[PDB]
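As stored in model.csv (CSV, C-alpha atoms and all ligand atoms):
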chain,number,residue,atom,x,y,z
A,3,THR,CA,-2.3,-14.5,5.2
A,4,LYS,CA,-4.0,-11.4,6.6
A,5,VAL,CA,-2.9,-8.1,5.4
A,6,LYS,CA,-0.7,-6.3,8.0
A,7,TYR,CA,-1.9,-3.1,9.6
A,8,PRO,CA,0.4,-0.5,7.9
A,9,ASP,CA,2.0,1.0,11.0
A,10,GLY,CA,3.6,4.3,10.5
A,11,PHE,CA,1.7,4.9,7.2
A,12,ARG,CA,1.1,8.5,8.1
A,13,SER,CA,4.7,9.3,7.6
A,14,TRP,CA,4.8,7.8,4.1
A,15,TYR,CA,4.8,9.6,0.8
A,16,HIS,CA,1.5,11.4,0.1
A,17,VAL,CA,0.6,10.4,-3.5
A,18,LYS,CA,-2.7,12.4,-4.0
A,19,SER,CA,-6.0,13.4,-2.5
A,20,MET,CA,-9.6,13.5,-3.8
A,21,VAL,CA,-13.0,14.7,-2.4
A,22,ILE,CA,-16.1,12.6,-3.0
A,23,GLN,CA,-19.3,14.5,-2.2
A,24,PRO,CA,-23.0,13.6,-2.0
A,25,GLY,CA,-24.3,12.8,-5.5
A,26,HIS,CA,-21.2,11.0,-6.6
A,27,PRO,CA,-21.6,7.3,-7.4
A,28,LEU,CA,-19.0,6.3,-4.8
A,29,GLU,CA,-20.5,8.5,-2.0
A,30,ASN,CA,-21.4,5.2,-0.3
A,31,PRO,CA,-19.0,4.0,1.1
A,32,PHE,CA,-16.1,6.3,-0.1
A,33,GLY,CA,-17.7,9.7,0.6
A,34,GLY,CA,-15.3,12.2,2.3
A,35,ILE,CA,-11.8,13.5,1.8
A,36,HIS,CA,-9.3,10.8,1.0
A,37,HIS,CA,-5.5,10.8,0.9
A,38,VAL,CA,-3.4,8.1,-0.7
A,39,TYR,CA,0.0,7.1,0.8
A,40,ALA,CA,2.7,4.8,-0.5
A,41,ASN,CA,5.8,3.2,1.1
A,42,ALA,CA,9.2,3.2,-0.8
A,43,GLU,CA,8.4,-0.2,-2.5
A,44,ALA,CA,5.1,1.2,-3.9
A,45,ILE,CA,6.9,4.3,-5.2
A,46,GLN,CA,9.1,2.1,-7.3
A,47,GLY,CA,5.9,0.6,-8.8
A,48,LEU,CA,4.2,3.9,-9.0
A,49,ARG,CA,7.2,5.5,-10.9
A,50,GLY,CA,6.9,3.0,-13.7
A,51,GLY,CA,9.1,0.3,-12.2
A,52,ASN,CA,7.5,-3.0,-11.1
A,53,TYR,CA,5.9,-3.4,-7.7
A,54,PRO,CA,8.2,-5.3,-5.3
A,55,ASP,CA,6.5,-7.7,-2.8
A,56,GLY,CA,6.1,-5.6,0.4
A,57,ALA,CA,4.7,-2.6,-1.6
A,58,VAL,CA,1.8,-1.1,0.4
A,59,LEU,CA,-0.7,1.6,-0.7
A,60,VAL,CA,-3.1,3.2,1.8
A,61,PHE,CA,-6.4,5.0,1.2
A,62,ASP,CA,-7.0,7.2,4.2
A,63,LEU,CA,-10.7,8.3,4.4
A,64,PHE,CA,-11.9,11.3,6.4
A,65,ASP,CA,-15.4,12.7,6.9
A,66,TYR,CA,-15.5,16.4,6.3
A,67,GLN,CA,-17.4,19.5,7.6
A,68,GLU,CA,-18.5,22.5,5.6
A,69,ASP,CA,-17.3,25.6,7.3
A,70,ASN,CA,-18.0,28.9,5.4
A,71,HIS,CA,-16.9,27.7,1.9
A,72,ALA,CA,-14.2,25.5,3.4
A,73,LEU,CA,-14.2,21.7,3.6
A,74,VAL,CA,-12.4,20.7,6.8
A,75,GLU,CA,-11.2,17.2,7.7
A,76,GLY,CA,-13.3,15.6,10.4
A,77,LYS,CA,-13.1,12.0,11.8
A,78,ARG,CA,-11.3,9.2,10.1
A,79,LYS,CA,-13.9,6.8,8.7
A,80,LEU,CA,-11.5,4.0,7.6
A,81,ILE,CA,-8.3,3.1,5.9
A,82,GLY,CA,-8.2,0.8,2.9
A,83,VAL,CA,-4.9,-1.1,2.4
A,84,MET,CA,-3.3,-2.9,-0.5
A,85,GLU,CA,-0.3,-5.1,0.3
A,86,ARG,CA,1.7,-6.5,-2.6
A,87,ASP,CA,2.5,-10.2,-2.5
A,88,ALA,CA,2.4,-12.0,-5.9
A,89,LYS,CA,2.3,-15.5,-4.3
A,90,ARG,CA,0.4,-15.0,-1.0
A,91,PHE,CA,-2.3,-12.8,-2.7
A,92,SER,CA,-2.4,-14.4,-6.1
A,93,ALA,CA,-6.1,-15.0,-5.8
A,94,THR,CA,-6.8,-11.2,-6.0
A,95,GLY,CA,-4.1,-10.4,-8.4
A,96,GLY,CA,-0.9,-10.2,-6.2
A,97,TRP,CA,-2.4,-7.6,-3.8
A,98,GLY,CA,-4.0,-8.3,-0.5
A,99,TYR,CA,-6.9,-6.0,0.3
A,100,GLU,CA,-8.1,-5.0,3.8
A,101,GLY,CA,-10.1,-2.3,5.5
A,102,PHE,CA,-9.7,-1.0,9.0
A,103,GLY,CA,-12.7,0.7,10.5
A,104,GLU,CA,-11.7,4.2,11.7
A,105,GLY,CA,-8.0,3.2,11.0
A,106,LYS,CA,-8.1,0.9,14.0
A,107,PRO,CA,-6.0,-2.3,13.8
A,108,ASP,CA,-8.8,-4.3,15.5
A,109,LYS,CA,-11.7,-3.3,13.2
A,110,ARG,CA,-10.9,-5.5,10.2
A,111,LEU,CA,-13.7,-5.1,7.7
A,112,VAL,CA,-13.1,-7.5,4.8
A,113,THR,CA,-14.9,-10.8,5.1
A,114,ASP,CA,-14.5,-12.3,1.6
A,115,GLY,CA,-10.8,-12.5,1.2
A,116,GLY,CA,-10.8,-9.2,-0.7
A,117,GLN,CA,-13.0,-10.4,-3.6
A,118,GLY,CA,-15.3,-7.4,-3.4
A,119,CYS,CA,-12.4,-4.9,-3.3
A,120,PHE,CA,-10.7,-6.8,-6.1
A,121,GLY,CA,-13.8,-6.8,-8.4
A,122,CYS,CA,-13.6,-3.0,-8.8
A,123,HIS,CA,-9.8,-2.6,-8.8
A,124,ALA,CA,-9.7,-5.3,-11.6
A,125,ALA,CA,-10.8,-2.5,-14.0
A,126,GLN,CA,-7.2,-1.3,-13.7
A,127,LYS,CA,-5.6,-4.6,-14.7
A,128,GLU,CA,-3.2,-2.8,-17.0
A,129,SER,CA,-1.9,-0.5,-14.3
A,130,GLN,CA,-1.5,-3.4,-11.9
A,131,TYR,CA,-4.8,-2.8,-10.1
A,132,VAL,CA,-3.8,0.8,-8.9
A,133,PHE,CA,-6.0,3.8,-9.9
A,134,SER,CA,-3.8,6.5,-8.4
A,135,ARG,CA,-1.0,8.1,-10.6
A,136,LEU,CA,2.0,9.8,-9.2
A,137,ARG,CA,2.0,13.6,-9.7
A,138,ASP,CA,4.5,16.4,-9.0
B,3,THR,CA,17.9,37.3,3.1
B,4,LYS,CA,15.7,35.2,0.8
B,5,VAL,CA,13.7,32.2,1.9
B,6,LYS,CA,15.2,29.2,0.3
B,7,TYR,CA,13.2,27.1,-2.1
B,8,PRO,CA,12.3,23.9,-0.2
B,9,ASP,CA,13.6,21.2,-2.6
B,10,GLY,CA,12.2,17.7,-2.0
B,11,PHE,CA,9.3,19.0,0.1
B,12,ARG,CA,6.9,16.6,-1.6
B,13,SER,CA,8.5,13.7,0.2
B,14,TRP,CA,8.1,15.4,3.6
B,15,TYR,CA,5.5,14.6,6.2
B,16,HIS,CA,1.8,15.4,5.3
B,17,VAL,CA,0.4,17.4,8.2
B,18,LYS,CA,-3.1,17.9,6.9
B,19,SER,CA,-5.2,19.2,4.0
B,20,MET,CA,-8.1,21.6,3.5
B,21,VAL,CA,-10.3,22.8,0.7
B,22,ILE,CA,-11.0,26.5,0.2
B,23,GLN,CA,-13.9,27.1,-2.2
B,24,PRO,CA,-15.1,30.4,-3.9
B,25,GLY,CA,-16.6,32.7,-1.3
B,26,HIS,CA,-14.3,31.8,1.5
B,27,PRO,CA,-12.4,34.9,2.9
B,28,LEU,CA,-9.0,33.3,1.8
B,29,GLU,CA,-10.3,32.6,-1.7
B,30,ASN,CA,-7.9,35.1,-3.2
B,31,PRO,CA,-5.2,33.9,-3.4
B,32,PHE,CA,-5.5,30.7,-1.3
B,33,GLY,CA,-8.6,29.1,-3.0
B,34,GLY,CA,-8.3,25.4,-3.9
B,35,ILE,CA,-7.1,22.2,-2.3
B,36,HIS,CA,-4.1,22.7,-0.1
B,37,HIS,CA,-1.8,20.2,1.7
B,38,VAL,CA,0.5,21.1,4.5
B,39,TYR,CA,4.0,19.5,4.7
B,40,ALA,CA,6.6,19.8,7.4
B,41,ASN,CA,10.3,18.8,7.5
B,42,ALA,CA,11.7,16.8,10.4
B,43,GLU,CA,12.6,20.0,12.3
B,44,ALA,CA,9.1,21.4,11.9
B,45,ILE,CA,7.5,18.2,13.3
B,46,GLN,CA,9.4,18.9,16.5
B,47,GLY,CA,7.5,22.2,16.9
B,48,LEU,CA,4.2,20.7,15.8
B,49,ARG,CA,4.6,18.0,18.5
B,50,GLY,CA,4.9,20.6,21.2
B,51,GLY,CA,8.7,21.3,21.2
B,52,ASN,CA,10.2,24.7,20.2
B,53,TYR,CA,10.6,25.2,16.4
B,54,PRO,CA,14.4,24.9,15.8
B,55,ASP,CA,16.2,26.9,13.1
B,56,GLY,CA,15.9,25.2,9.7
B,57,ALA,CA,12.3,24.1,10.4
B,58,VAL,CA,10.3,24.4,7.2
B,59,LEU,CA,6.5,24.3,6.6
B,60,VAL,CA,5.0,24.2,3.1
B,61,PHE,CA,1.5,25.1,2.0
B,62,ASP,CA,1.0,23.3,-1.3
B,63,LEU,CA,-2.0,24.8,-3.2
B,64,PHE,CA,-3.8,23.1,-6.1
B,65,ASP,CA,-6.6,24.2,-8.3
B,66,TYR,CA,-9.4,21.6,-8.4
B,67,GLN,CA,-12.2,20.8,-10.8
B,68,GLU,CA,-15.7,19.8,-9.8
B,69,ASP,CA,-16.7,16.8,-11.8
B,70,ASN,CA,-19.9,14.9,-10.9
B,71,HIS,CA,-19.6,15.9,-7.2
B,72,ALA,CA,-16.0,14.9,-6.9
B,73,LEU,CA,-13.3,17.5,-6.4
B,74,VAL,CA,-10.2,16.4,-8.3
B,75,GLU,CA,-6.8,18.1,-8.0
B,76,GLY,CA,-5.7,20.0,-11.1
B,77,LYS,CA,-2.6,22.2,-11.5
B,78,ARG,CA,-0.5,23.5,-8.6
B,79,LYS,CA,-1.2,27.3,-8.2
B,80,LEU,CA,1.6,28.1,-5.7
B,81,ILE,CA,3.4,27.0,-2.6
B,82,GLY,CA,3.7,29.1,0.5
B,83,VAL,CA,6.8,28.6,2.6
B,84,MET,CA,7.7,29.3,6.2
B,85,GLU,CA,11.4,28.9,7.1
B,86,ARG,CA,12.5,29.1,10.7
B,87,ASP,CA,15.5,31.3,11.6
B,88,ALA,CA,15.1,33.4,14.8
B,89,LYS,CA,18.0,35.7,13.9
B,90,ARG,CA,17.7,36.2,10.1
B,91,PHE,CA,13.9,36.6,10.2
B,92,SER,CA,13.5,38.4,13.5
B,93,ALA,CA,11.7,41.2,11.7
B,94,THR,CA,8.8,38.8,11.0
B,95,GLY,CA,8.8,36.8,14.3
B,96,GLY,CA,11.6,34.4,13.4
B,97,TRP,CA,9.9,32.9,10.3
B,98,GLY,CA,10.7,33.8,6.7
B,99,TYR,CA,7.6,33.9,4.4
B,100,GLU,CA,7.8,33.3,0.7
B,101,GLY,CA,5.5,32.3,-2.2
B,102,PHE,CA,6.6,30.4,-5.3
B,103,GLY,CA,4.2,30.7,-8.3
B,104,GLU,CA,3.3,27.3,-9.6
B,105,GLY,CA,5.9,25.9,-7.1
B,106,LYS,CA,8.7,27.1,-9.4
B,107,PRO,CA,12.0,28.3,-7.7
B,108,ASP,CA,12.1,31.4,-10.0
B,109,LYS,CA,8.6,32.8,-9.3
B,110,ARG,CA,8.8,34.6,-6.0
B,111,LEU,CA,5.5,36.1,-5.0
B,112,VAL,CA,6.3,38.1,-1.9
B,113,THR,CA,7.3,41.7,-2.4
B,114,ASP,CA,6.9,43.4,1.0
B,115,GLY,CA,9.5,41.4,3.0
B,116,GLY,CA,6.8,39.0,4.2
B,117,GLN,CA,4.9,41.6,6.3
B,118,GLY,CA,1.6,40.7,4.6
B,119,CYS,CA,1.8,37.0,5.5
B,120,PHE,CA,3.2,37.9,8.9
B,121,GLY,CA,0.3,40.3,9.6
B,122,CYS,CA,-2.2,37.4,9.4
B,123,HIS,CA,0.0,34.7,10.9
B,124,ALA,CA,0.6,36.9,14.0
B,125,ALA,CA,-2.9,36.0,15.1
B,126,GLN,CA,-1.3,32.6,16.1
B,127,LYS,CA,1.6,34.1,18.1
B,128,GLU,CA,0.6,31.8,20.9
B,129,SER,CA,1.4,28.8,18.6
B,130,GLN,CA,4.7,30.2,17.3
B,131,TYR,CA,2.6,31.6,14.4
B,132,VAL,CA,1.6,28.2,12.9
B,133,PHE,CA,-2.2,27.5,12.3
B,134,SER,CA,-1.9,23.8,11.4
B,135,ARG,CA,-2.1,21.2,14.1
B,136,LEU,CA,-0.9,17.6,14.0
B,137,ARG,CA,-3.8,15.2,13.7
B,138,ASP,CA,-3.6,11.4,13.6
C,201,LIG,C1,-15.0,0.7,-6.9
C,201,LIG,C2,-16.5,0.4,-6.7
C,201,LIG,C3,-14.1,0.4,-5.7
C,201,LIG,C4,-14.2,-0.6,-4.7
C,201,LIG,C5,-15.3,-1.6,-4.3
C,201,LIG,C6,-12.9,-0.4,-3.9
C,201,LIG,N1,-12.1,0.5,-4.5
C,201,LIG,FE1,-10.2,1.1,-3.8
C,201,LIG,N2,-10.2,2.6,-5.2
C,201,LIG,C7,-11.1,3.0,-6.1
C,201,LIG,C8,-10.8,4.2,-6.9
C,201,LIG,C9,-11.6,4.8,-8.0
C,201,LIG,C10,-9.5,4.6,-6.3
C,201,LIG,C11,-8.7,5.8,-6.7
C,201,LIG,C12,-8.9,6.9,-5.7
C,201,LIG,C13,-8.1,8.2,-6.1
C,201,LIG,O1,-8.0,9.2,-5.3
C,201,LIG,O2,-7.7,8.2,-7.2
C,201,LIG,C14,-9.2,3.6,-5.3
C,201,LIG,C15,-8.0,3.5,-4.5
C,201,LIG,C16,-7.5,2.6,-3.5
C,201,LIG,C17,-6.2,2.7,-2.9
C,201,LIG,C18,-5.2,3.7,-3.2
C,201,LIG,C19,-4.3,3.0,-4.4
C,201,LIG,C20,-5.1,3.0,-5.7
C,201,LIG,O3,-5.5,2.0,-6.3
C,201,LIG,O4,-5.3,4.2,-6.3
C,201,LIG,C21,-6.2,1.6,-1.9
C,201,LIG,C22,-5.1,1.2,-0.9
C,201,LIG,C23,-7.6,1.0,-2.1
C,201,LIG,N3,-8.3,1.5,-3.0
C,201,LIG,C24,-8.0,-0.2,-1.4
C,201,LIG,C25,-9.4,-0.8,-1.4
C,201,LIG,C26,-9.8,-1.8,-0.5
C,201,LIG,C27,-9.0,-2.4,0.7
C,201,LIG,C28,-11.1,-2.1,-0.9
C,201,LIG,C29,-12.2,-3.0,-0.4
C,201,LIG,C30,-12.4,-2.9,1.1
C,201,LIG,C31,-11.3,-1.2,-2.0
C,201,LIG,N4,-10.3,-0.4,-2.3
C,201,LIG,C32,-12.6,-1.2,-2.7
C,201,LIG,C33,-12.3,2.1,-6.4
C,201,LIG,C34,-12.8,1.0,-5.5
C,202,LIG,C1,-4.8,35.2,6.8
C,202,LIG,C2,-5.4,36.4,6.0
C,202,LIG,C3,-3.5,34.7,6.1
C,202,LIG,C4,-2.5,35.3,5.3
C,202,LIG,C5,-2.4,36.7,4.7
C,202,LIG,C6,-1.6,34.2,5.1
C,202,LIG,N1,-1.8,33.0,5.7
C,202,LIG,FE1,-0.7,31.3,5.6
C,202,LIG,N2,-2.3,30.4,6.6
C,202,LIG,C7,-3.4,30.9,7.1
C,202,LIG,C8,-4.3,29.9,7.7
C,202,LIG,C9,-5.7,30.1,8.3
C,202,LIG,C10,-3.5,28.7,7.6
C,202,LIG,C11,-3.9,27.3,8.0
C,202,LIG,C12,-4.5,26.6,6.8
C,202,LIG,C13,-4.9,25.2,7.3
C,202,LIG,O1,-4.9,24.2,6.5
C,202,LIG,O2,-5.2,25.0,8.5
C,202,LIG,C14,-2.3,29.1,6.9
C,202,LIG,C15,-1.2,28.2,6.6
C,202,LIG,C16,0.2,28.4,6.2
C,202,LIG,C17,1.2,27.4,6.1
C,202,LIG,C18,1.1,26.0,6.6
C,202,LIG,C19,1.6,26.1,8.1
C,202,LIG,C20,0.5,26.7,9.1
C,202,LIG,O3,0.7,27.8,9.6
C,202,LIG,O4,-0.6,26.1,9.2
C,202,LIG,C21,2.3,28.1,5.5
C,202,LIG,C22,3.7,27.6,5.1
C,202,LIG,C23,1.8,29.4,5.2
C,202,LIG,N3,0.5,29.6,5.6
C,202,LIG,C24,2.5,30.4,4.5
C,202,LIG,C25,2.0,31.8,4.2
C,202,LIG,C26,2.8,32.7,3.4
C,202,LIG,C27,4.2,32.5,2.8
C,202,LIG,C28,1.9,33.9,3.3
C,202,LIG,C29,2.1,35.2,2.6
C,202,LIG,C30,2.5,35.0,1.1
C,202,LIG,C31,0.8,33.5,4.1
C,202,LIG,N4,0.8,32.2,4.6
C,202,LIG,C32,-0.4,34.3,4.2
C,202,LIG,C33,-3.7,32.3,7.0
C,202,LIG,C34,-3.0,33.3,6.3
C,203,ZN,ZN,-22.7,17.3,-2.9
C,204,ZN,ZN,-21.3,32.3,1.7

Whole structure given in structure tokens:
Amino acid sequence: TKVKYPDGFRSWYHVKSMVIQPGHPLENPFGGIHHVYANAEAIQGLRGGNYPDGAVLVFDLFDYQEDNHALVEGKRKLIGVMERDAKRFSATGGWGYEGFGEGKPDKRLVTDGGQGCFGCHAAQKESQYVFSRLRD
Amino acid sequence: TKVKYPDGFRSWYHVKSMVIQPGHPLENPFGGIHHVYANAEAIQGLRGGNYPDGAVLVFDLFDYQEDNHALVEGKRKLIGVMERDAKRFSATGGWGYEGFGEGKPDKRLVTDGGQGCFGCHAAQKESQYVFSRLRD
């Protein structure tokens, strides 16, 4: 019961983006420009429906470079993945959590069954462990 | 001929993003966090093919707020649109250029037939006048 690498995630629905800069509490390890993506099943859940099993959310994290009052996307640091399965991932609230170093399928990062990821996302119990909100 | 409003662009392919902060040359009016989206026809040109008629690129521009060293997306300021049609938009190199204030269909920003946008995009004549490049 590993989380699947979310192949083709780059062509999913772009939910939102955020920049975390030096100084911010999450600078380590979430510093950079991040983009959130969702497959069709996650949109149902994001829209106010419930999350079908098979819903995947992706946090895509880039380093950035300062270029004359512009922040420009550099190298991918990692992707974080949440994969909905109420039964398979019941231990961390129905979502499996995984990280892939630099987005690579072979650089699995999570060593504790997702407990560490889950400890922070649990703050969002009432929105089903998802921080991002859909926007227009 | 008017550039058509690109309905549904938000569910298109996310090409890339960039932040333009106060002091950048493009600050006025392109300051903020922007995301580039491309329809299926535009992806063909991005991938090295010719841009077919009906290709559409969108520049989606948000204001942002700086909050404890995070940049957080606020309100949409505008979208910029490029619509491909070699015949109808030959005057501006085969792309029609339009701005929609706040992303609303009824707030057209361009008043000079697109020559102002074309004047700068012509620098990238070699790339069919598109600055953005597909990244992974
Ligand atoms: C707090 C200390 C966190 C830890 C540890 C982890 N995550 Fe997280 N995550 C956090 C915030 C504040 C957000 C919202 C970001 C935004 O732009 O709003 C997120 C987001 C995600 C997402 C996108 C879906 C969502 O919940 O908004 C995914 C797919 C995600 N996170 C996965 C993830 C994994 C796999 C983690 C451990 C390796 C992990 N997160 C840790 C806060 C925190
Ligand atoms: C230089 C002074 C510019 C003027 C005037 C206009 N644009 Fe532009 N545009 C510019 C750059 C450097 C970029 C790339 C930004 C990035 O993230 O790399 C853009 C981008 C676009 C896009 C996205 C597709 C692409 O070419 O990368 C669109 C749809 C776009 N611009 C439209 C547009 C319109 C409608 C303009 C006049 C209202 C316009 N642009 C002006 C540089 C400049
Ligand atoms: Zn900083
Ligand atoms: Zn300066």

Check every protein, DNA and RNA residue against ligand ZN 204 (chain C), keep those with an atom at most 12 Å away (counting only C-alpha atoms and all ligand atoms), and present them as a PyMOL selection string. (chain A and resi 68-72) or (chain B and resi 22-27+29)

Enumerate as a PyMOL selection string the residues within 6 Å of ligand LIG 202 (chain C), counting only C-alpha atoms and all ligand atoms. chain B and resi 19-20+38+59-61+82-84+99-101+112+118-119+122-123+132-134

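Nearest residue to ligand ZN 203 (chain C) among A:11, A:39, A:66, A:102 is A:66, counting all atoms listed in the file.
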
From the set B:10, B:34, B:54, B:47, which residue has the shortest atom-to-atom contact distance to residue B:87, counting all atoms listed in the file?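 Of B:10, B:34, B:54, B:47, the one nearest residue B:87, counting all atoms listed in the file, is B:54.
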
Distance table requested - chain B against ligand LIG 201 (chain C), cut-off 12 Å, all atoms listed in the file: one row per qualifying residue with the closest atom pair and its distance in Å to one decimal, ordered by chain and rising residue number, as CSV.
residue,atom,partner,partner_atom,distance
B:72,CA,C:LIG201,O1,10.0
B:73,CA,C:LIG201,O1,9.9
B:74,CA,C:LIG201,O1,8.1
B:75,CA,C:LIG201,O1,9.4

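Of the listed residues B:6, B:135, B:89, B:109, the one whose atoms come nearest to chain A is B:135, with distances taken using only C-alpha atoms.
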
If I put a ball of radius 9 Å at (5.2, 36.9, 8.6) in the file's coordinates, which residues poke into it when counting only C-alpha atoms, written as JSON, numbers by chain? {"B": [84, 91, 93, 94, 95, 96, 97, 98, 99, 115, 116, 117, 118, 119, 120, 121, 122, 123, 124, 131]}

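If only C-alpha atoms are the atoms counted, then among B:49, B:78, B:4, B:86 the closest residue to chain A is B:78.
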
Give as a ChimeraX atom specification every residue, naming chains and numbers as the document does, that has an atom within 12 Å of (8.9, 20.6, 15.1), counting all atoms listed in the file. /B:15,17,39-59,85-86,129-130,132,134-136

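Restricting the calculation to all atoms listed in the file, the smallest distance between ligand ZN 203 (chain C) and any of A:62, A:13, A:67, A:105 is found for A:67.
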
Please complete stretch 80-101 of chain A so it has N, CA and C atoms, and hand it over as a short mmCIF file (atom, residue, chain, number, x, y, z; two decimals), keeping the file's coordinate frame.
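Resulting contents of result.cif:
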data_model
loop_
_atom_site.label_atom_id
_atom_site.label_comp_id
_atom_site.auth_asym_id
_atom_site.auth_seq_id
_atom_site.Cartn_x
_atom_site.Cartn_y
_atom_site.Cartn_z
N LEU A 80 -12.19 5.24 7.86
CA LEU A 80 -11.50 4.00 7.60
C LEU A 80 -10.22 4.18 6.88
N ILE A 81 -9.35 3.16 6.88
CA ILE A 81 -8.30 3.10 5.90
C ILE A 81 -8.44 1.82 5.07
N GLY A 82 -8.24 1.93 3.75
CA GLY A 82 -8.20 0.80 2.90
C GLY A 82 -6.68 0.50 2.61
N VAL A 83 -6.30 -0.77 2.48
CA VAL A 83 -4.90 -1.10 2.40
C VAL A 83 -4.77 -2.14 1.28
N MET A 84 -3.74 -1.96 0.45
CA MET A 84 -3.30 -2.90 -0.50
C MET A 84 -1.88 -3.29 -0.28
N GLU A 85 -1.64 -4.59 -0.13
CA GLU A 85 -0.30 -5.10 0.30
C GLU A 85 0.11 -6.10 -0.80
N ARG A 86 1.25 -5.80 -1.41
CA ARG A 86 1.70 -6.50 -2.60
C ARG A 86 2.35 -7.83 -2.12
N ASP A 87 1.85 -8.96 -2.63
CA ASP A 87 2.50 -10.20 -2.50
C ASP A 87 2.03 -11.19 -3.60
N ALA A 88 2.85 -11.33 -4.65
CA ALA A 88 2.40 -12.00 -5.90
C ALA A 88 1.91 -13.40 -5.58
N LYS A 89 2.61 -14.11 -4.67
CA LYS A 89 2.30 -15.50 -4.30
C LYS A 89 1.22 -15.59 -3.23
N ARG A 90 1.42 -14.92 -2.09
CA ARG A 90 0.40 -15.00 -1.00
C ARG A 90 -0.93 -14.44 -1.52
N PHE A 91 -0.97 -13.40 -2.36
CA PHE A 91 -2.30 -12.80 -2.70
C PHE A 91 -2.61 -13.00 -4.16
N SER A 92 -2.19 -14.13 -4.73
CA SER A 92 -2.40 -14.40 -6.10
C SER A 92 -3.85 -14.51 -6.51
N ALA A 93 -4.70 -14.84 -5.54
CA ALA A 93 -6.10 -15.00 -5.80
C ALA A 93 -6.80 -13.64 -6.15
N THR A 94 -6.25 -12.51 -5.68
CA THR A 94 -6.80 -11.20 -6.00
C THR A 94 -5.74 -10.36 -6.65
N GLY A 95 -4.89 -11.02 -7.45
CA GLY A 95 -4.10 -10.40 -8.40
C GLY A 95 -2.68 -9.94 -7.91
N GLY A 96 -2.26 -10.52 -6.77
CA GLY A 96 -0.90 -10.20 -6.20
C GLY A 96 -0.95 -9.19 -5.10
N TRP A 97 -2.12 -8.55 -4.90
CA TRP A 97 -2.40 -7.60 -3.80
C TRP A 97 -3.35 -8.17 -2.81
N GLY A 98 -3.01 -8.10 -1.52
CA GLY A 98 -4.00 -8.30 -0.50
C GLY A 98 -4.78 -7.04 -0.21
N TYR A 99 -6.10 -7.15 0.04
CA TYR A 99 -6.90 -6.00 0.30
C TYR A 99 -7.54 -6.11 1.72
N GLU A 100 -7.51 -5.01 2.47
CA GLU A 100 -8.10 -5.00 3.80
C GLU A 100 -8.64 -3.62 4.09
N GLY A 101 -9.70 -3.57 4.89
CA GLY A 101 -10.10 -2.30 5.50
C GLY A 101 -10.04 -2.37 7.01
#
